[PDB]
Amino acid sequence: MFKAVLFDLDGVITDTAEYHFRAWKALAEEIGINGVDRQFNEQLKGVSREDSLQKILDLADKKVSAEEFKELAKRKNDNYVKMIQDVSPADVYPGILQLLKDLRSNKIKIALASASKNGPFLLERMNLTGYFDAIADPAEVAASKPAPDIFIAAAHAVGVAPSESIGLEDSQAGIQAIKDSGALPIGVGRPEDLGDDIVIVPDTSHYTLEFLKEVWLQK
């Protein structure tokens, strides 16, 4: 049976995308740029902070100095850190707390494999820290998803090989990272988005220990 579960944060345990979006929208409003809405925000997902800011600036064909670019980028982050102060256990996705409990009671290791620079803060605000055996530090990892490095790091940190593990992800890049680490992916969302070759559940309430076991036995 699998020995560990490697969780992404955004789209699996909670929604951080909301708070990035709010941070960019508030930034854009502050400097008088219109059009940073939830649809436009699709162009900012999975994209570097530099690239995102550049796209926002283009909406008003606004030009900045290097010093101003740096300040705006810092301001987005300040915005983000302010907006996540509101996170609480009420923000945990359905099924996830029960899944963590059941994993822990079955002595299955639990690790976070997230690019979030605020992972430990977020898990603490959601009162989940006690379930996690490790959090992979994205600062100590060389390449982002779809590279497998973060999932490898998360497995190793709990003393397992990725091939002994299940990875939970909602994104294409994350699923590919899990695949290339050697872990078994189980996606959450739509096969239209994530592919027909993996097991996908429509929402996180379907991530139960019983279901993970059945998927493992059937792989």
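The first residue of the sequence shown is number 1, and the count goes up from there. The term rigid core refers to the most C-alpha atoms you can superpose between the two forms while keeping them within 1.5 Å.
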{"item": "More variable segment, 10 to 18 or 202 to 210 [Cα RMS over structures in 6 other deposited structures of this protein, core-superposed]", "value": "10 to 18"}
{"item": "Greater root mean square CA deviation, 150 to 158 compared with 50 to 58 in 6 other deposited structures of this protein, core aligned", "value": "50 to 58"}
{"item": "Higher-scoring stretch by recorded Cα B factor average, 22 to 30 or 159 to 167", "value": "22 to 30"}
{"item": "Residue range whose averaged C-alpha B-factor is higher in the record, 122 to 130 or 135 to 143", "value": "135 to 143"}
{"item": "CA B-factor placement of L59, once the chain's modelled residues are sorted into thirds", "value": "highest"}
{"item": "Among modelled residues of the same chain, the CA temperature factor third for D15", "value": "middle"}
{"item": "For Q98, the third of its chain into which the C-alpha B factor falls", "value": "middle"}
{"item": "Third of chain Cα B-factors occupied by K82", "value": "middle"}
{"item": "Third of the chain, ranked by Cα B-factor, where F40 sits", "value": "highest"}
